[PDB]
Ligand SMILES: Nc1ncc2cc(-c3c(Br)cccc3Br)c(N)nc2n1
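For reference, the chain that follows is the form deposited without the named molecule, supplied as C-alpha cells.
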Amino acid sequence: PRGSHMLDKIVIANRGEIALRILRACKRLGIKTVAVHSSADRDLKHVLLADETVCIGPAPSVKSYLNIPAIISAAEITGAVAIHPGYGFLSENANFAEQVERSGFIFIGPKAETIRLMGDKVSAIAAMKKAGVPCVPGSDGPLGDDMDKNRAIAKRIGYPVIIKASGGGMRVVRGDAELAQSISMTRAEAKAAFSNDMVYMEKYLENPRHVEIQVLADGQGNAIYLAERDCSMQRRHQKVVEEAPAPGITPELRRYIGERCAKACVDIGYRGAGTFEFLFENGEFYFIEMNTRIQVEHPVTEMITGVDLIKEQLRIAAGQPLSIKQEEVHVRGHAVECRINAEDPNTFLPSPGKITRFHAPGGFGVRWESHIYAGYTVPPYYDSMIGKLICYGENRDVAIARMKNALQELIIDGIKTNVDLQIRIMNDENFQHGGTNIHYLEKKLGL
C-alpha cells in the first residue's frame, strides 16, 4: 500500500555526515531510504543503515556523486519518488534538478530556475536589489574617465571605497585627495593583469563579520527566517566555527534583516531551505549570496529554535504550505559549532587513512554529527570534513565552556585532526568576548 505518508522512499544523493543526518530524519518519519554510494564509501555509516544501497561508480566524485544519470537511474530502479541532494555536489546544479523532475521525481529543493537565478552572481544581485535586500553599494558599472563623477560616486558610497579590476584577482581609497591617482594606479595594475584597463568601484568593508540567515519557503507564499548565524572564524575560505544566534544583534535588527530575506523568498518564489549570506559592519548588512540548498551548519539553528529543518524540507517537497509561522519561531539559548577535519593543524591539507581509535564526546548539550567510527578509513578524495561537533548552552559562555570540554573528550587517532586548533580558538580571549571579524583567524595563525 503506497504512501502511508506521501514520499515513501527517498534517494539520499550525497555522502558523509549530511547523508547520515538526512537518513536519520527519514528513518524517524518512516520513509524507506535508498542510499547511493561509490566504492570508496562502501562502508559509510549511512550506507550500512539504509534500507537499500546502490553503487553508482568508482571512487572519484565526477564518476560517482556528480553522476546525474547514475543517481536518477537509482531512483528509477528502487521505486524512489523523491531525491535529496544534501549540500555541495548537485544541490545547486540546476541541470540536475531539471533532469530529476523531467525524469518524474520530486527534487527536495528549489526550482531549476531559482538555482540558476541565484547562481548567476549578477542575476542574484539584481533580483536582491529589487526584492530590497541590502547589497554592496557600488559604481553600478565601470568607471568613466570623468573624474567629476568618480568623485560623485565615492562620496555617495561613503569612503573608504575599493577600486576593482573587472578581469582581476584592487585598491582601497580613504578619501577624495587620493581617488584619481588610485583609480589610475589600479588601471595600471589591471592593464597588465588580464589585458584589461577597465575597473569599477564599491564600498570597502574593512572589518566586517560573516552573518547568514536560514530561510524556509513553501513556494506557496510562505517564508520564515530562523534567526541568523555568525560564521566569521575562517581559515582560507573555509568556515571553521559557526555560532548562533550572532552575538550583539538586537532583535530590532534581527527582525529587520530576516523579514527582508523572507520577502525576498516570496518575490523570488523560493521553495525549500536556503541561506542568505551577508557581511555585517557598523550595524549594516551587505548581501554576498544565497546558497540554494540546505546549509552545512544548519544544526546550530536546530539547537536554539527547536524546529527540524531536514524534517521541514520533506514537508514542503510534499506540497504542504509551511507548518510554522514567524510568530512561533523562537531563539532559546546559544549554540556553537566546530567543524572537524581530517587535516593537519599545521600543513593544512587532508590527512586520509584509518582511524585506529575513536571516542565521541557526550553529555548534556553536546551533539555529535559524524559518519566516522573506530576502524573507519577516511579516503583521500572527497572533502576534508569528518564531523560537526555542536555544543548547546543557555548562553554563549556556558556553550563555549561545553565545547572546550567536549573537544578534549573527543578522540580520533590514526589521522591528524583540527581539534588542537578548535581547542585554541575556544580558548581565545577575544573569541570569548565575541564579535571577531572574517579576518581574525588568519591573523592568529600564519597567513
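Don't overthink the numbering: it's just position in the shown sequence, from 1.
Another form, the form solved in complex with the named molecule, is not on view; read the next lines as being about it.
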query	finding
Option touching the named molecule, based on a heavy atom within 4.5 Å in the deposited bound form, out of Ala131, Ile162, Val331, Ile355	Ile162
Residue among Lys111, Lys203, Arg367, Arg260 with a heavy atom within 4.5 Å of the named molecule in the deposited bound form	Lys203
Among 260 to 268, 96 to 104, 229 to 237, 359 to 367, the region lying within 4.5 Å of the named molecule in the deposited bound form by heavy atom distance	229 to 237
Contact test, all of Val215, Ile224 and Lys325, partner the named molecule in the deposited bound form, heavy atom 4.5 Å	no
Contact of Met147 with the named molecule in the deposited bound form (heavy atom, 4.5 Å)	no
Contact flag, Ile438 vs the named molecule in the deposited bound form, heavy atom cut 4.5 Å	yes
Contact flag, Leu309 vs the named molecule in the deposited bound form, heavy atom cut 4.5 Å	no
Close approach of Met170 to the named molecule in the deposited bound form, 4.5 Å, heavy atom	yes
